[PDB]
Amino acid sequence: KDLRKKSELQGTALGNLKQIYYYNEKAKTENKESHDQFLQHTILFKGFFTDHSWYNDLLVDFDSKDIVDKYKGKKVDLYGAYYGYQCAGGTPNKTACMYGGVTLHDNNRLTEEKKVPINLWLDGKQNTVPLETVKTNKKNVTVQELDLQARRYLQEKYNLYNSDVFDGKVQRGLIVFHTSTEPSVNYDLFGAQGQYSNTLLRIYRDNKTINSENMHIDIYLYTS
């Protein structure tokens, strides 16, 4: 297809993708509230981390002040991948970074959690994915929240982000967040830019959320 290939992805790019989607901790937290803005289109959550870990503040970046004004001062829920490297922001080695992942709290919580159906095809051979693979308690959920889970599995079941010598067989792939309404969102499993989280995680900057009810995912893998 018109998919980018593993070959082109630097050894650190492929490594960081693997840390992001497999090795790293996601930032999940409910009923959070922030008034703090930081330079035109980012919200700053003072003391996002309540444990005793490296990072204290979190800096959520978005495409525009439109999205920022949609959440600033509102009770939001977070779910995403955060990074410390090149986290261009305020408090020194204390501010971590995330792109979007912000959701509106109220009325979003579902009665019973939704298991999002993934259809998989490795070289046409439709392989089946477990039903608990990707799940969310949100009526309206970020593509990032679904993505982080969807890709975790492809890392596990398929070593997607492995060097060709350690079974990184698939060399091209596409993930599709097919929704029951608007045009499905599609990602190229290898089309990220850069080799570090600062640019790789930028794809989610649009804070694109979708309807979880009556929706699923399509994953196409090609080992050629």
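Just count from 1 along the sequence shown to find any residue number.
Looking at 7-15 and 202-210 together, the entry lists the larger mean B-factor for 7-15, computed on C-alpha atoms. Checked against the record, the higher mean CA B factor of 73-81 and 150-158 lies with 150-158. For the set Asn119, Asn140, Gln144, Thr95, the maximum C-alpha B-factor listed in the entry falls on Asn119. In the deposited entry, the Cα temperature factor of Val165 places it in the highest third of its chain's modelled residues. Placement of the Cα temperature factor of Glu182 within the chain: highest third of the modelled residues, per the deposited record. In the PDB entry, a CA B factor belonging to the lowest third of its chain's modelled residues is recorded for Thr136. Per-chain ranking of the deposited C-alpha B factor places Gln40 in the middle third. In the deposited entry, the Cα temperature factor of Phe49 places it in the middle third of its chain's modelled residues.
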